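Residue numbers (PDB author numbering), protein chains in the order written: chain A, 159 to 293, 327 to 364; chain J, 58 to 126, 190 to 216; chain H, 98 to 104, 111 to 171, 200 to 291; chain I, 12 to 59, 65 to 139; chain E, 817 to 847, 879 to 1001; chain F, 231 to 282; chain G, 43 to 96, 104 to 235, 352 to 432, 444 to 663, 688 to 722. Built from N, CA and C at the ideal position, the CB exists for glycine as well.
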Amino acid sequence: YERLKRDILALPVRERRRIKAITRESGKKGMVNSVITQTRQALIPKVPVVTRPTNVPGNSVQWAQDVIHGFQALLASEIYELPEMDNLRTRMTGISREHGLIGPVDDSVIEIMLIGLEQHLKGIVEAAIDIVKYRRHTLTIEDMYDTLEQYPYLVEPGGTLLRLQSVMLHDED
Amino acid sequence: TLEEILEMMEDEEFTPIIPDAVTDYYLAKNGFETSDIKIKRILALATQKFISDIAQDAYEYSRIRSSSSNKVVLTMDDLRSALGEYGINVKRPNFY
Amino acid sequence: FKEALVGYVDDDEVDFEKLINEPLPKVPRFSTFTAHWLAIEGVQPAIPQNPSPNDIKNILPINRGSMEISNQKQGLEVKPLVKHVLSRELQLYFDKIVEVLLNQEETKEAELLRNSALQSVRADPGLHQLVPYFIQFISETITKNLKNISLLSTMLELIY
Amino acid sequence: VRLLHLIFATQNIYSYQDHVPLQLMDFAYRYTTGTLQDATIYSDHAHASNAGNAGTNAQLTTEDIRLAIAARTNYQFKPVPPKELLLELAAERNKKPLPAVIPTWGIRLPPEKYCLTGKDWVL
Amino acid sequence: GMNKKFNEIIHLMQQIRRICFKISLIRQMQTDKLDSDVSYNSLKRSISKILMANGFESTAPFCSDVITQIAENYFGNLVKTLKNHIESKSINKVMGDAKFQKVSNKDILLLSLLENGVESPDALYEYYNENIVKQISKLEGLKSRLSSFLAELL
Amino acid sequence: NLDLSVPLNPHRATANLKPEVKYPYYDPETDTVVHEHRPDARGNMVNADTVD
Amino acid sequence: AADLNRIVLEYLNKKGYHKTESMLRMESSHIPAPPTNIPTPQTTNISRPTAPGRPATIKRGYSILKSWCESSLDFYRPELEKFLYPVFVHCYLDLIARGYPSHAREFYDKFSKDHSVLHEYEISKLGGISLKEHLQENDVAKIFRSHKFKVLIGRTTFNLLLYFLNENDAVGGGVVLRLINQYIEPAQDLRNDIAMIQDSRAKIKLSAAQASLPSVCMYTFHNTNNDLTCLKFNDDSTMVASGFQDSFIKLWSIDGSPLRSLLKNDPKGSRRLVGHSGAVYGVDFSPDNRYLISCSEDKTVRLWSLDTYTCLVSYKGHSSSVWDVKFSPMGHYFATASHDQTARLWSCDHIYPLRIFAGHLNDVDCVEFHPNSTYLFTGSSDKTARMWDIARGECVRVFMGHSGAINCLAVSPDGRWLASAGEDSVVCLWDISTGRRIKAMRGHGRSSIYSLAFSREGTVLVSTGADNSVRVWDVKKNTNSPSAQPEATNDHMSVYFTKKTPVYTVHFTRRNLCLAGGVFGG
């Protein structure tokens, strides 16, 4: 079948195109496909440092003091409340410089983001409430794991669900 | 109400189109056994109703297609639209 | 994958145009198991549900390698004649065994001298290599002598 | 497609059922349609749409496709083995001691009210 | 099988009235342990017996397979819901030491219905009466068309 | 270069000494009984720590 | 190759607590273990069910006495019936004086119904005594121990009897013979008989226990439309359970239909288990053999009884399909393998996992426990194998080779040896200490190897594959115990072909024979 298959593939005029695809593609400086370097390079902070052949405008020099400041914030889950603007702004500048942008976030982004956030969480908790009672109760972790087994399209996988399946402790401990 | 609804499923006056055997198989597949007959007929009924809903979606979306005011066929455009209007995902078939 | 040409694309599907279906599926048998016997003591019978030497016709990359009258019967397709299979060690072990068995000197210590080898072969591993030699030996013992109460008693206890 | 059989040959799987090539080709068509659709949206986005502000002209460079694919794999397509996450997470679990007890030759079950008691379900 | 019997009466009335519709067009324009495959095909039978709307198995076959698989997924999603609530391992569920089930065995069922599709119970009563009214409604619509065509042909 | 690879006999890989057990029995009155360990948490009890 | 030596030696040079002295000892990962022995129940006692983080032998000796007797011949009943009661009361007096009066009471009124037809007042004689000083005041036992008791018995019977209590000094033979030579003598003669047993050790006890080619009995499963993943056989070889691909578990009874509940309801020998959502990929039995465990792709693990054929528990701590679930050799603890590139070790009482193990860059295909039950061996599709400390969590050893996946693993009873079977079709025998395979058995054509197993005593193993063939391999051809026994590659005793049947498992019984399971018939 293999020989006959190759012969029939040669029956098509694309035998020439098939003959040319012998090299190693990605004719670039490279596209690594390993794992550990993806991880590391996706773990260290980057820095948007710029060239200046003739003129690279922007009128505001690039800094990486911002990235350190961003990674140092008392982010959520330590504190007990959703972050107020200032914390979120400090974290964003870090991410924007860390991805390769420049210029300061303009104080409307934070608010629309908070808005979308609280909408998200109201949806989730409405789901859990729809689980526990049909029509004086009090809610637990297991109900939220149940509803994130039923509806997983809500949350993006990674990070937290694995962490969620490592917090379900037994009674005595 | 609700209690009439399990007053009624027991006797032959309301026996879903989905036969008892097939629903027993599908109960067993997804892992449920019980020596009641009501509940199985009930899941039968809800599924019957859901498919009826996509049926009417298909009927109306076929009725829009031409001449509002060689017989009928529920094709892939009608289905593409109704399944889409649900949460059922995109049907992008092809050729070549 | 029907063909179609344009002035080729090799695509069409002409499996449609149904109006009514009223067919019934037929149920197969349940999953039940068929035991047999295979490979008694190394040899593979071909009489019951087994193959004959037809894997010489198989594709040689696949299924590779092949090494392998009366009430006095104990096995013919096993070839116990050649005395190379047992071991160099096992012949001497068997000699020690038989010699400690057929001792028959006193009534105070000889039974104590053999009883622990008796109770050894009672419980010890890997003896399925030297069984038929043991069987032929003991049948030789019974057909050679009839008078000694001692030997027949020891053999009854050996079969226990 | 015969080339799909040729691609099957790379993984030593010459035992197909002939529905797979139809199915996987259908799949790739669906996938790339969605991909180069939202990439076209992003090409519009660089072209500064609303209820009439400018035109819509297509180039579709590789960067837009890269954007349209990274969003998909944001919630799909089993990624690189996330080892470090799992290592630290499991160290957090692998922290509190074993029970160090003796049920004395049986089975020790969870307490009833956590056990199931698989009776005939009934109202 | 009164539900089966009434869907069958819908089927018979559809057959006869659509036949009459078509010939009237012609005259106008003249001028137990069971297995997988049996289960699948039984479901396909039942499905194409649902379809009073179009015509009973009067569509391409891919769509029949589509519909079969979809309803399979839905039924499985039902049961995956009820059994999940039943295992629960949470204080809200779980028989209390003093036999206090915060939510008895029935709210489970009502609730699993609610999570998937159906909102309330009496929507089923509603869909049932809706079905039997669809029968007489389409009956009388095409019967009035029949009488008016019997008048028109003269 | 220090691992502890050393077995020891159970009651399961030999014979003549398989033990008895009396938890999975059959009462004449009741159906059967099992071994199931013991917490102190009851039903309708305080759930957990404060919300802070 | 040498580059690896270069780089690891530079590494160890940089590790300041690795000097040049001990770095070379670190390079002694190529000397394997010595040939060690199996712990017979002659010297080494039993151990208790416990944790992996670090009395009543009298009762077990009496259990030996009441078992070995009734299992004897009919000629020897009328004489050992009187050997029963006196040693029972003797051992009861021994323990109640040792310091466990409660235990004394419990096994007294447990074994007070031993000789109730002969002795009528003695149960009342010994029922009105609880405490040690209540014995020291009691006079009948004192006059009993003063003189000895007469015992009428032949010679060869006591010879063979003692020659049975020499092989089992593990859960109690020494105490009973000590009490005998103390009281009756119907341990001086005991010592002479121990020397006689040692004389049996000189060439009368078998030394090598060389190879032994196996018997087989096959079990082909017809009429399944390939809807069938796993089999598994029992411990005492009475049942065989197969996990289907539509959430079904169809217990089969070998040799009859006694599969009936103990209840009054539930009125042939095949029992089907529901309670699952997805396909079943692994099943395992309880070594006490009244329970059953079964993993699936719906990230459940589930527990069943076997006197009512009924579920009891569900388990959920996994994020993806669970392939194989295996018990501990002792009970109490079970483990699972998944597609979430992680493995979780469970108990049976607690419902969420105890430990989680994470070292695989792909899916963990199989899991197994070393015979001490303090290690777990995962094997994966990343072409690597690993070992874990259940308490520690983290990987003691890693074995790499085997271009291709992995599917099944085995452990030889004595604690040196693990078996790697994979799509490559080459069986590899690994040594835990070396981390380097001792042998590379070559055979089996070019097909996946699904299952395999060792002997009762590590003399022989068996592979079992998808090339429609089973393949017995010797194992000691070139190992540290080179048993040769003389008159594609070697270490291949014999191959038994099948009628176009891919085979799925094995189970060595106690005895010589294997027991197999395959499909597809013809």
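Below-9 Å beta-carbon distance, residue i vs any chain E residue
i: G/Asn390; result: yes
i: F/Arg272; result: yes
i: G/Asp411; result: yes
Local Cβ density within 10 Å of residue i, reported as buried at 16 or more and exposed below that
i: H/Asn246; result: buried
i: H/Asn166; result: buried
i: G/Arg520; result: buried
i: G/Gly176; result: exposed
i: G/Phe533; result: buried
i: A/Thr209; result: exposed
Selected residue, minimal CA-CA separation from residue i, among the options
i: A/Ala222; options: A/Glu239, A/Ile202, A/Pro211 and A/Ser192; result: A/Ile202
i: J/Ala101; options: E/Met829, E/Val980 and E/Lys820; result: E/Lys820
i: G/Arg448; options: G/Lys475, G/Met68, G/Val651 and G/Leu482; result: G/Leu482
i: G/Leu427; options: F/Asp257, F/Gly273, F/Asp270 and F/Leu232; result: F/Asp257
i: G/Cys382; options: G/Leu129, G/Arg204, G/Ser412 and G/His707; result: G/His707
i: H/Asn202; options: H/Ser270, H/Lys99, H/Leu289 and H/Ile290; result: H/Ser270
i: G/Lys699; options: H/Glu208, H/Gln152, H/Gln260 and H/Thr285; result: H/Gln152
i: G/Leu378; options: G/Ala688, G/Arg647, G/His168 and G/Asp163; result: G/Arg647
i: G/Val200; options: G/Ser116, G/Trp606 and G/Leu133; result: G/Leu133
i: H/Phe225; options: H/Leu244, H/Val103, H/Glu240 and H/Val262; result: H/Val262
i: H/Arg219; options: G/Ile49, G/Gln353, G/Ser601 and G/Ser372; result: G/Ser372
i: I/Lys129; options: G/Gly641, G/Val489, G/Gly619 and G/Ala511; result: G/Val489
i: I/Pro32; options: I/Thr43, I/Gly71, I/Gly45 and I/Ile18; result: I/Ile18
Below-9 Å beta-carbon distance, residue i vs any chain G residue
i: I/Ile52; result: no
i: F/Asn277; result: no
i: A/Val346; result: no
Supposed contact pair residue j and residue i - C-beta distance, whole angstroms, cut 8 Å
i: E/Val926; j: J/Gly204; result: Not confirmed; about 26 Å, so no contact.
i: G/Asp590; j: G/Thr78; result: 6 Å
i: H/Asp118; j: E/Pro968; result: About 43 Å separates the two Cβ atoms, so there is no contact after all.
i: H/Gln250; j: G/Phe575; result: So it is not a contact: roughly 43 Å between Cβ atoms.
i: G/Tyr551; j: G/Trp522; result: No, G/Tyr551 and G/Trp522 are not in contact; Cβ-Cβ is about 16 Å, not under 8 Å.
i: E/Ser937; j: A/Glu340; result: The pair is not a contact, with the Cβ atoms about 12 Å apart (cut-off 8 Å).
Below-9 Å beta-carbon distance, residue i vs any chain J residue
i: E/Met942; result: no
i: H/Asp158; result: no
i: G/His452; result: yes
Min CB distance residue i to chain F below 9 Å
i: G/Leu428; result: yes
i: G/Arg632; result: yes
i: E/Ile938; result: yes
Chain H within 9 Å of residue i, Cβ atoms only
i: E/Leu989; result: no
i: E/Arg892; result: yes
i: J/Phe107; result: no
9 Å Cβ cutoff, residue i in contact with chain A
i: F/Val264; result: no
i: G/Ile527; result: yes
Any non-hydrogen atom of the ligand FMN closer than 8 Å to residue i Cβ
i: F/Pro269; result: By its list of ligands, the structure shown contains no ligand whatsoever, and the ligand FMN lies outside what it can speak to.
Contact with chain I by residue i, beta-carbon distance below 9 Å
i: G/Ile107; result: no
Residues of the stretch 945-970 of chain E with Cβ closer than 8 Å to any Cβ of chain A, in chain order:
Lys949, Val950, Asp954, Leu957, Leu958, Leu961 and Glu962
Contacting positions in the stretch 897-910 of chain E - beta carbon closer than 9 Å to chain J:
Residues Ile897, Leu898, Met899, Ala900, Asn901, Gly902, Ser905, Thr906, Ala907, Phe909 and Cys910.
Any C-beta of chain I within less than 8 Å: which residues of the stretch 233-260 of chain F qualify?
Cβ proximity to chain I below 8 Å picks out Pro249, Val251, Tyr253 and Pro254 from the stretch 233-260 of chain F.
Output, in sequence order along the chain, the residues in the stretch 87-109 of chain I whose CB is closer than 9 Å to any CB in chain J.
none
Identify each residue in the stretch 238-257 of chain A for which the Cβ-Cβ distance to at least one residue of chain I is less than 9 Å, and report them in chain order.
Interface annotation for the stretch 238-257 of chain A against chain I: empty, criterion Cβ-Cβ distance under 9 Å.
Output, in sequence order along the chain, the residues in the stretch 65-92 of chain J whose CB is closer than 7 Å to any CB in chain I.
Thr91 and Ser92
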